[PDB]
Structure formats: structure tokens, C-alpha cells
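Printed here is data27.txt (compact mmCIF, C-alpha atoms and all ligand atoms):
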```
# COMPACT_ATOMS: atom_id res chain seq x y z
CA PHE A 537 94.24 133.43 90.22
CA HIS A 538 97.37 134.78 91.93
CA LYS A 539 100.20 135.19 89.40
CA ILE A 540 103.48 133.35 90.05
CA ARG A 541 106.79 134.15 88.34
CA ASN A 542 108.64 131.56 86.26
CA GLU A 543 111.81 132.59 88.13
CA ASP A 544 110.29 131.31 91.41
CA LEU A 545 109.41 127.80 90.11
CA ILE A 546 111.84 124.87 89.74
CA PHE A 547 110.65 121.87 87.74
CA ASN A 548 111.61 118.45 89.08
CA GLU A 549 110.40 114.92 88.26
CA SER A 550 107.59 114.08 85.87
CA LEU A 551 104.65 112.46 87.66
CA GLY A 552 102.69 111.54 84.56
CA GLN A 553 100.25 113.13 82.14
CA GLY A 554 96.58 113.98 82.00
CA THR A 555 94.26 115.08 79.22
CA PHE A 556 96.55 117.43 77.25
CA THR A 557 98.63 118.10 80.39
CA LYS A 558 101.98 116.97 81.79
CA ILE A 559 102.45 116.67 85.56
CA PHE A 560 105.62 117.59 87.47
CA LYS A 561 106.64 117.83 91.08
CA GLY A 562 108.28 121.18 91.73
CA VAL A 563 109.36 123.80 94.26
CA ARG A 564 108.03 127.35 94.65
CA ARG A 565 110.14 129.99 96.39
CA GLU A 566 107.78 132.42 98.10
CA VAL A 567 107.33 134.97 100.86
CA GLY A 568 104.87 133.50 103.37
CA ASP A 569 103.21 134.65 106.58
CA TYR A 570 105.16 137.12 108.74
CA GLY A 571 107.42 137.66 105.70
CA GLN A 572 109.28 134.36 106.14
CA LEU A 573 110.94 132.95 103.02
CA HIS A 574 109.76 129.44 102.07
CA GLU A 575 110.65 126.78 99.50
CA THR A 576 107.38 124.88 99.14
CA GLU A 577 106.67 121.57 97.40
CA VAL A 578 104.12 122.17 94.64
CA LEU A 579 102.31 120.21 91.96
CA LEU A 580 102.73 121.80 88.52
CA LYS A 581 100.15 121.07 85.80
CA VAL A 582 101.36 122.18 82.35
CA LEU A 583 99.11 122.72 79.31
CA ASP A 584 101.05 121.20 76.39
CA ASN A 589 94.42 126.44 72.69
CA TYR A 590 92.45 124.52 75.37
CA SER A 591 94.09 126.66 78.06
CA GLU A 592 90.98 128.77 78.62
CA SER A 593 88.89 125.75 79.58
CA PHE A 594 91.43 124.22 81.98
CA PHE A 595 91.97 127.44 83.93
CA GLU A 596 88.32 128.56 84.03
CA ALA A 597 87.30 125.28 85.65
CA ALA A 598 90.09 125.28 88.25
CA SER A 599 89.31 128.95 88.93
CA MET A 600 85.57 128.58 89.50
CA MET A 601 86.19 125.76 91.98
CA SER A 602 88.92 127.70 93.81
CA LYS A 603 86.32 130.39 94.50
CA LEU A 604 84.85 127.84 96.97
CA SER A 605 87.10 127.01 99.92
CA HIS A 606 86.45 123.60 101.48
CA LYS A 607 88.40 121.00 103.45
CA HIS A 608 87.76 118.31 100.79
CA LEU A 609 88.67 120.45 97.74
CA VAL A 610 92.23 120.78 96.45
CA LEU A 611 94.07 124.05 97.05
CA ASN A 612 95.45 125.99 94.08
CA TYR A 613 98.27 128.45 94.81
CA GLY A 614 98.05 130.33 91.51
CA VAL A 615 99.21 130.19 87.89
CA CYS A 616 102.43 130.79 85.95
CA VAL A 617 101.63 132.36 82.58
CA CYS A 618 105.23 133.33 81.85
CA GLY A 619 107.00 132.21 78.71
CA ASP A 620 105.46 129.69 76.31
CA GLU A 621 103.64 127.32 78.70
CA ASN A 622 100.57 127.78 80.92
CA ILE A 623 101.00 126.23 84.37
CA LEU A 624 98.70 125.66 87.33
CA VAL A 625 100.52 125.70 90.67
CA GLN A 626 98.78 123.42 93.15
CA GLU A 627 99.33 122.01 96.63
CA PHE A 628 101.47 118.90 96.63
CA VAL A 629 99.51 116.06 98.24
CA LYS A 630 101.69 113.44 99.88
CA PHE A 631 100.18 110.20 98.56
CA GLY A 632 98.99 111.16 95.06
CA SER A 633 96.00 109.81 93.14
CA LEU A 634 93.63 107.28 94.67
CA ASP A 635 93.51 104.93 91.67
CA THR A 636 97.18 103.98 91.90
CA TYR A 637 96.97 103.82 95.69
CA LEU A 638 94.05 101.36 95.45
CA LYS A 639 96.08 99.12 93.14
CA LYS A 640 99.30 99.28 95.19
CA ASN A 641 97.36 98.50 98.38
CA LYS A 642 94.45 96.30 97.23
CA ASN A 643 95.29 93.50 99.67
CA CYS A 644 94.99 95.88 102.65
CA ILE A 645 91.91 98.08 102.04
CA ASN A 646 88.65 97.13 103.79
CA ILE A 647 85.02 98.22 103.66
CA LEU A 648 85.47 100.61 106.59
CA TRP A 649 88.23 102.43 104.67
CA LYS A 650 86.13 102.46 101.49
CA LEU A 651 83.06 103.79 103.32
CA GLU A 652 85.06 106.59 104.95
CA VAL A 653 86.47 107.62 101.56
CA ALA A 654 83.01 107.36 99.96
CA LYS A 655 81.48 109.52 102.73
CA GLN A 656 84.14 112.21 102.33
CA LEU A 657 83.81 112.27 98.54
CA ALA A 658 80.03 112.60 98.93
CA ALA A 659 80.57 115.41 101.44
CA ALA A 660 82.56 117.27 98.81
CA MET A 661 79.95 116.60 96.11
CA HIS A 662 77.14 117.67 98.47
CA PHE A 663 78.98 120.97 98.99
CA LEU A 664 79.30 121.41 95.23
CA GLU A 665 75.64 120.45 94.75
CA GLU A 666 74.56 123.11 97.28
CA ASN A 667 76.69 125.69 95.41
CA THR A 668 75.31 124.48 92.03
CA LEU A 669 78.84 123.88 90.69
CA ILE A 670 79.45 120.99 88.27
CA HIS A 671 82.79 119.17 88.49
CA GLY A 672 82.58 117.11 85.28
CA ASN A 673 85.44 114.64 85.81
CA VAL A 674 84.83 112.73 89.05
CA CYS A 675 87.04 109.62 88.98
CA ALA A 676 89.52 107.86 91.23
CA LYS A 677 92.53 109.48 89.50
CA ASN A 678 91.11 112.86 90.60
CA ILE A 679 90.85 111.86 94.27
CA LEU A 680 93.97 112.96 96.15
CA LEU A 681 94.95 111.09 99.31
CA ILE A 682 96.14 113.61 101.91
CA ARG A 683 96.85 111.15 104.74
CA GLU A 684 96.58 107.40 105.15
CA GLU A 685 94.52 105.64 107.77
CA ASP A 686 96.33 104.94 111.06
CA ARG A 687 94.52 102.14 112.90
CA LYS A 688 96.90 102.91 115.76
CA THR A 689 95.56 106.45 116.33
CA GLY A 690 92.16 105.36 114.94
CA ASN A 691 92.63 108.23 112.50
CA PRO A 692 90.70 107.78 109.23
CA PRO A 693 92.10 108.46 105.75
CA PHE A 694 91.56 111.93 104.32
CA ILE A 695 90.96 112.81 100.67
CA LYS A 696 90.45 115.87 98.47
CA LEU A 697 88.89 116.29 95.05
CA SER A 698 91.22 117.64 92.35
CA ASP A 699 90.44 120.31 89.76
CA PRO A 700 87.98 119.52 86.94
CA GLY A 701 90.41 119.78 84.02
CA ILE A 702 89.38 120.63 80.47
CA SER A 703 85.59 120.56 80.15
CA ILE A 704 83.95 117.70 78.27
CA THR A 705 82.07 120.43 76.40
CA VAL A 706 85.24 121.21 74.40
CA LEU A 707 87.10 117.89 74.28
CA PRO A 708 87.25 115.94 71.00
CA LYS A 709 84.63 113.23 70.72
CA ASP A 710 87.12 110.34 70.75
CA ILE A 711 88.50 111.38 74.14
CA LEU A 712 84.92 111.53 75.46
CA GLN A 713 84.33 108.00 74.18
CA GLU A 714 87.47 106.76 75.92
CA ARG A 715 86.16 108.25 79.18
CA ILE A 716 83.11 105.95 79.15
CA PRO A 717 81.72 104.94 81.71
CA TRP A 718 82.72 108.03 83.74
CA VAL A 719 81.06 110.33 81.20
CA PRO A 720 77.27 109.71 81.45
CA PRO A 721 75.11 108.47 78.55
CA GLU A 722 73.43 111.86 78.09
CA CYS A 723 76.80 113.58 77.68
CA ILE A 724 77.89 111.09 74.99
CA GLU A 725 74.76 111.88 72.97
CA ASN A 726 75.43 115.59 73.68
CA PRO A 727 78.27 117.00 75.84
CA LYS A 728 76.22 120.19 76.29
CA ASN A 729 73.94 118.03 78.48
CA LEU A 730 76.53 118.49 81.24
CA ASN A 731 74.60 119.00 84.47
CA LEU A 732 74.66 118.48 88.22
CA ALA A 733 73.19 115.04 87.48
CA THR A 734 76.36 114.31 85.47
CA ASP A 735 78.41 114.18 88.67
CA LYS A 736 75.99 111.76 90.31
CA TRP A 737 76.66 109.24 87.51
CA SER A 738 80.46 109.62 87.65
CA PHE A 739 80.30 109.39 91.45
CA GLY A 740 78.78 105.94 91.01
CA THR A 741 81.57 104.99 88.59
CA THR A 742 84.15 106.21 91.12
CA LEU A 743 82.62 104.09 93.89
CA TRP A 744 83.02 101.16 91.50
CA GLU A 745 86.71 102.02 91.12
CA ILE A 746 86.99 102.39 94.90
CA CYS A 747 85.59 98.88 95.32
CA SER A 748 87.69 97.27 92.54
CA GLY A 749 91.30 97.66 93.66
CA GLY A 750 92.20 100.09 90.89
CA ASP A 751 90.64 98.26 87.97
CA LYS A 752 89.22 100.57 85.29
CA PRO A 753 85.66 99.49 84.40
CA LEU A 754 85.16 98.49 80.76
CA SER A 755 88.92 98.74 80.00
CA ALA A 756 88.71 95.56 77.91
CA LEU A 757 86.20 97.34 75.63
CA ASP A 758 87.48 99.50 72.77
CA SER A 759 85.77 102.79 71.97
CA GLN A 760 83.19 101.28 69.59
CA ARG A 761 82.17 98.71 72.21
CA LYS A 762 81.96 101.32 74.98
CA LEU A 763 79.46 103.26 72.85
CA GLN A 764 77.40 100.12 72.28
CA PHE A 765 77.50 99.41 76.02
CA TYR A 766 75.53 102.61 76.66
CA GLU A 767 73.33 101.96 73.61
CA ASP A 768 72.18 98.68 75.18
CA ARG A 769 71.65 100.30 78.64
CA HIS A 770 74.03 97.97 80.46
CA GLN A 771 75.16 98.57 84.05
CA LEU A 772 78.58 97.83 85.51
CA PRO A 773 79.14 94.44 87.18
CA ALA A 774 78.88 94.35 90.94
CA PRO A 775 82.45 94.33 92.32
CA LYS A 776 83.49 91.24 94.25
CA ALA A 777 83.21 93.36 97.40
CA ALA A 778 79.58 94.23 96.64
CA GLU A 779 78.64 96.25 99.74
CA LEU A 780 78.25 99.44 97.66
CA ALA A 781 76.81 97.82 94.53
CA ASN A 782 73.22 99.00 95.02
CA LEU A 783 74.39 102.59 95.58
CA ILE A 784 76.57 102.35 92.46
CA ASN A 785 73.63 101.26 90.31
CA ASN A 786 71.26 103.77 91.98
CA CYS A 787 73.73 106.52 91.06
CA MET A 788 74.44 105.24 87.53
CA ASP A 789 70.78 105.62 86.58
CA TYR A 790 70.21 106.14 82.86
CA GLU A 791 67.53 108.70 83.77
CA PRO A 792 69.42 111.76 85.11
CA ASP A 793 66.35 113.08 86.97
CA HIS A 794 66.10 109.86 88.97
CA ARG A 795 69.66 109.93 90.31
CA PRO A 796 69.49 110.64 94.07
CA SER A 797 70.68 113.87 95.66
CA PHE A 798 73.92 113.77 97.59
CA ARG A 799 71.95 114.26 100.83
CA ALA A 800 70.12 110.99 100.15
CA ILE A 801 73.43 109.44 99.08
CA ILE A 802 74.98 110.46 102.41
CA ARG A 803 72.01 109.12 104.35
CA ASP A 804 72.33 105.85 102.42
CA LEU A 805 76.06 105.74 103.19
CA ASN A 806 75.41 106.31 106.90
CA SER A 807 72.88 103.47 107.04
CA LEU A 808 75.77 101.01 106.58
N1 LIG A 901 98.03 117.84 93.68
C1 LIG A 901 98.76 116.72 93.63
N2 LIG A 901 99.70 116.31 94.48
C2 LIG A 901 100.09 115.11 93.93
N3 LIG A 901 101.06 114.38 94.54
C3 LIG A 901 101.64 113.13 94.21
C4 LIG A 901 102.31 112.41 95.20
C5 LIG A 901 102.89 111.19 94.90
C6 LIG A 901 102.79 110.68 93.62
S1 LIG A 901 103.52 109.11 93.22
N4 LIG A 901 104.16 109.29 91.78
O1 LIG A 901 104.59 108.81 94.12
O2 LIG A 901 102.43 108.18 93.14
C7 LIG A 901 102.13 111.37 92.63
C8 LIG A 901 101.55 112.60 92.92
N5 LIG A 901 99.50 114.74 92.82
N6 LIG A 901 98.63 115.79 92.64
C9 LIG A 901 97.77 115.81 91.56
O3 LIG A 901 97.01 116.75 91.42
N7 LIG A 901 97.88 114.74 90.74
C10 LIG A 901 97.06 114.59 89.62
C11 LIG A 901 97.49 114.84 88.32
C12 LIG A 901 96.61 114.67 87.26
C13 LIG A 901 95.30 114.24 87.52
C14 LIG A 901 94.36 114.05 86.43
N8 LIG A 901 94.37 114.61 85.28
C15 LIG A 901 93.27 114.08 84.63
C16 LIG A 901 92.97 114.49 83.25
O4 LIG A 901 92.42 113.52 82.55
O5 LIG A 901 93.23 115.60 82.81
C17 LIG A 901 92.65 113.21 85.44
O6 LIG A 901 93.35 113.17 86.63
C18 LIG A 901 94.89 113.98 88.82
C19 LIG A 901 95.77 114.16 89.87
```
Written form, C-alpha cells:
Amino acid sequence: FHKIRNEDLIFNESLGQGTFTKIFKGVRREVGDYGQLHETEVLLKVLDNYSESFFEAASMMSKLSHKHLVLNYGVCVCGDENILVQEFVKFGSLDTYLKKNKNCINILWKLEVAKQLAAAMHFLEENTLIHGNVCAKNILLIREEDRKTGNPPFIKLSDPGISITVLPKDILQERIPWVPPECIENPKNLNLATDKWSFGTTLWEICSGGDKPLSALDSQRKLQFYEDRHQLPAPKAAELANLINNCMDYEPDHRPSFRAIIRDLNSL
């Protein structure tokens, strides 16, 4: 990663937290193209020991440029804290957007977002790179739909974060049902098939107005939910329900490739 100086970063408002990270909007002073000076909005992700895992994952994905993958500017390793400096996306995380706009999101919008997300996962699948934390909070909305201009919404997938292969078991349990059954029994089972399961969970989120599946269940009950091989309920808008269940297959080898997923998406 390109190294950025603490002196060139200004921290502004907190935008929340993630798994062992705090999120801030900020401004980076930089020399850009043609030597012009810029003050650029940036997203700063701050590691509050786990630093190696967070930066390795973001790094390996930033080796692959793609229109549906988030852009990382570099890191700030100055001082005491370790900071990832990332493009600032105008409309934030999808999960809060879905909740703040539930009454105005229709199947055409959902299918366009599902197709884009699958296009990103297909690209990762072809490059044999595992994301490991596909969820609606990690979908960034770049631009909203404009039914005037007929322009569709546009999303990007955010960086993987700390790998489930190093997170404490009780955080992994709280991430059920995004983390697949085989990773709960062993996080070292992390595989390309892992992302197919979480992709199904994310389609469920996309269809449920920002509800978190199984949120009423405490950690012990989430474990028992996998133990009994339950599936998620079909959302009220059930147009994607079959795809969701096809993706959340308890047999990882039976989960369909993202090519087949895309073909299935196109058939609607
Ligand atoms: N690049 C970027 N740009 C913006 N912009 C923005 C715009 C508006 C708003 S607001 N307040 O008006 O709604 C908020 C933000 N946000 N952003 C981003 O990466 N956010 C983000 C942070 C953390 C996570 C995440 N961490 C985990 C984990 O578990 O570790 C799981 O997900 C996911 C996404």
C-alpha cells in the first residue's frame, strides 16, 4: 500500500464502528495529477494486534482493480494507530440505506443491486480470491437510482476486514448466519464456497428492508439453528427466495457458481 503521512490527514466525524475498528470521515491533502493540490474526502478505518489481518485482506483485494470493488488510497502507519485510507462513497452502507428507504425500493432496484454484487463475486471467483465478509453493511452505494435518467443504482464491495480465521469464536457466533455452517465448525474451512453462502444471506438482507436475519436469536440459539439445518424464512418480497436457499446450501460443493447465479438472475 501507498504510505500516507499523519500530517496530511484531518479526522472529522465518527461514522460508526466495525469489528475492532472505528470509522471516521476525513480529508486528505495530496498532490494529484498534473501536480495539482487537492483536499479529498476520505474514509478512515482505524484499528483500535489484529492489524496484520485487516491490512493483508484489504491489500490482496486492492491488487485487483474492478469497477465494483472499493478503492483504497493507502495506509497511515504513523504514530500509535493503524489507519486505512479509503475512497469516501457518497451514500454509505447498503443496510442502513435499505432501512431508511424501505418504502421506496422495488424488485427492479433489488435485482440490479443483486446482479452487480454477483458481477463482483464472479470476478473474485475467477481470480480465486475469497472475501469472507459479504453482507449488506459491506455494500457501498456509489449513486442512487434516477428513474428520470433511467440510470440504475451503482454499488461497490468494501474490504474484507479481519479474517474469520483469527477472530474470537464469540464474534464468529454473532455473525451467524453470514458465516457459513462449515466455518462455525472450523474457521479454517474458509473457501470460495464460503462467499456463496454469505451472498445468499446478503440477498436476504437486500429483500428485507434492513432487517438482520436471526437477530432475535442469541448466540446459543444461532448455533442451534445451524445444528438443526434450518434455512432463513422467505422474505415477504419472495422473488429471490429460491436463489437465497440455493446459495445457502449446507453442502458447500452444491452451492452454484456465480456464472450460474448470474444466469439465474438474468432469467427474471
Ligand atoms: N468507504 C466508505 N465511504 C463511506 N461513506 C459514508 C457516507 C455516508 C454515511 S452516513 N453516516 O451518512 O450514513 C456513512 C458512510 N462509508 N464507507 C465505508 O467503507 N463504510 C463502512 C465502514 C465499515 C464497514 C464494516 N465494517 C465491518 C466489520 O464488521 O468490520 C463490516 O462493515 C463497512 C462500510
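A straight line drawn from CA of residue 633 in chain A to CA of residue 752 in chain A is 13.9 Å long.
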Find the residues near residue 667 in chain A: any atom within 12 Å, counting only C-alpha atoms, skip ones fewer than 3 places away on the same chain, and give them as a CSV table (one decimal) with C-alpha atoms, in the coordinates of the input.
```
chain,number,residue,atom,x,y,z
A,600,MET,CA,85.6,128.6,89.5
A,601,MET,CA,86.2,125.8,92.0
A,603,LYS,CA,86.3,130.4,94.5
A,604,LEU,CA,84.8,127.8,97.0
A,605,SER,CA,87.1,127.0,99.9
A,606,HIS,CA,86.4,123.6,101.5
A,660,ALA,CA,82.6,117.3,98.8
A,661,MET,CA,80.0,116.6,96.1
A,662,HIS,CA,77.1,117.7,98.5
A,663,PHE,CA,79.0,121.0,99.0
A,664,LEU,CA,79.3,121.4,95.2
A,670,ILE,CA,79.4,121.0,88.3
A,671,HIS,CA,82.8,119.2,88.5
A,732,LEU,CA,74.7,118.5,88.2
```
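Nearest-residue note for ligand LIG 901 (chain A): choosing from A:770, A:762, A:639, A:565, the minimum distance belongs to A:639, counting all atoms listed in the file.
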Find the residues near range 779-784 of chain A: any atom within 10 Å, counting only C-alpha atoms, skip ones fewer than 5 places away on the same chain, and give them as a ChimeraX atom specification. /A:647,650-651,654,736-744,746-747,771-774,789,796,801,804-805,808
Would you mind exporting C-alpha atoms of the selected residues as a PDB file, in the coordinates of the input?
```
ATOM      1  CA  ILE A 647      85.020  98.220 103.660  1.00  0.00           C
ATOM      2  CA  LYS A 650      86.130 102.460 101.490  1.00  0.00           C
ATOM      3  CA  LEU A 651      83.060 103.790 103.320  1.00  0.00           C
ATOM      4  CA  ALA A 654      83.010 107.360  99.960  1.00  0.00           C
ATOM      5  CA  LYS A 736      75.990 111.760  90.310  1.00  0.00           C
ATOM      6  CA  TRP A 737      76.660 109.240  87.510  1.00  0.00           C
ATOM      7  CA  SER A 738      80.460 109.620  87.650  1.00  0.00           C
ATOM      8  CA  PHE A 739      80.300 109.390  91.450  1.00  0.00           C
ATOM      9  CA  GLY A 740      78.780 105.940  91.010  1.00  0.00           C
ATOM     10  CA  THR A 741      81.570 104.990  88.590  1.00  0.00           C
ATOM     11  CA  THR A 742      84.150 106.210  91.120  1.00  0.00           C
ATOM     12  CA  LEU A 743      82.620 104.090  93.890  1.00  0.00           C
ATOM     13  CA  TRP A 744      83.020 101.160  91.500  1.00  0.00           C
ATOM     14  CA  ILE A 746      86.990 102.390  94.900  1.00  0.00           C
ATOM     15  CA  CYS A 747      85.590  98.880  95.320  1.00  0.00           C
ATOM     16  CA  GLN A 771      75.160  98.570  84.050  1.00  0.00           C
ATOM     17  CA  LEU A 772      78.580  97.830  85.510  1.00  0.00           C
ATOM     18  CA  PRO A 773      79.140  94.440  87.180  1.00  0.00           C
ATOM     19  CA  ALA A 774      78.880  94.350  90.940  1.00  0.00           C
ATOM     20  CA  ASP A 789      70.780 105.620  86.580  1.00  0.00           C
ATOM     21  CA  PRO A 796      69.490 110.640  94.070  1.00  0.00           C
ATOM     22  CA  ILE A 801      73.430 109.440  99.080  1.00  0.00           C
ATOM     23  CA  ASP A 804      72.330 105.850 102.420  1.00  0.00           C
ATOM     24  CA  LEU A 805      76.060 105.740 103.190  1.00  0.00           C
ATOM     25  CA  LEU A 808      75.770 101.010 106.580  1.00  0.00           C
TER      26      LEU A 808
END
```
Is there a way to get, as number ranges by chain, all residues within 9 Å of the point (97.0, 110.3, 104.8) in file coordinates, counting all atoms listed in the file? A: 630-631, 681-686, 692-695
Contacts with ligand LIG 901 (chain A) at most 10 Å, only C-alpha atoms and all ligand atoms counted, listed as a PyMOL selection string: chain A and resi 549-561+577-581+583+594+610-612+624-637+640+673-682+696-703+711+715
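Across A:614, A:690, A:753, A:721, the tightest approach to residue 648 in chain A is made by A:690 when counting all atoms listed in the file.
Between residue 538 in chain A and the candidates A:725, A:566, A:615, A:609, the tightest atom-to-atom separation, counting only C-alpha atoms, involves A:615.
The closest residue to residue 607 in chain A, picked from A:788, A:716, A:723, A:657 and counting all atoms listed in the file, is A:657.
With only C-alpha atoms as the atoms that count, the minimum distance from residue 745 in chain A to the choices A:689, A:599, A:621, A:718 is reached by A:718.
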Write out as a count of residues only which residues come within 12 Å of residue 620 in chain A when counting all atoms listed in the file, dropping same-chain ones fewer than 6 positions away. 5
CA of residue 658 in chain A to CA of residue 613 in chain A: how many Å, to one decimal? 24.5 Å
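One finds CA of residue 596 in chain A at 28.8 Å from CA of residue 790 in chain A.
Considering all atoms listed in the file, the residue among A:589, A:572, A:602, A:759 positioned nearest to residue 537 in chain A is A:602.
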Just want the 8 Å neighbourhood of residue 748 in chain A, counted on only C-alpha atoms, with same-chain residues fewer than 4 positions away dropped. Output as a PyMOL selection string. chain A and resi 744+775-777
Selection export as a JSON list (two decimals), in the frame of the given file, atoms kept: C-alpha atoms:
```json
[["chain", "number", "residue", "atom", "x", "y", "z"],
["A", 744, "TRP", "CA", 83.02, 101.16, 91.50],
["A", 775, "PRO", "CA", 82.45, 94.33, 92.32],
["A", 776, "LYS", "CA", 83.49, 91.24, 94.25],
["A", 777, "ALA", "CA", 83.21, 93.36, 97.40]]
```
